[PDB]
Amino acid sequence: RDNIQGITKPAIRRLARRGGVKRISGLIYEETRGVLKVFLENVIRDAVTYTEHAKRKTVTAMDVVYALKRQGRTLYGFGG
């Protein structure tokens, strides 16, 4: 069992429902996973770059928050 498959149909189905979606094609599950992988790669890459620069080995909430902000995806509620 590959990690990305830990993001299961049921979880993907719940996200879509909160998104007001009514009926889901079967191919949607793999596509959503690719999309999440790309989103997470873009953000983690920036978080880890802030970590290394600070010479730490622990990615912190702030590193994630500054990474999200850099990408135009500002998040409130975790510092900064």
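The first residue of the shown sequence is 1; numbering continues from there.
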- Item | CA B-factor placement of residue 47, once the chain's modelled residues are sorted into thirds | middle
- Message: Can you tell me whether residue 28 has a C-alpha B-factor in the lowest, middle or highest third compared with the other modelled residues of the same chain?
- Response: middle
- Going by the recorded CA B-factors, say which third of the chain residue 55 sits in, lowest, middle or highest. highest
- Among the modelled residues of its chain, does the C-alpha B-factor of residue 20 lie in the lowest, middle or highest third? lowest
- Task: Among all modelled residues of this chain, ranked by Cα B factor, put residue 69 in the bottom, middle or top third, i.e. lowest, middle or highest.
- Result: lowest
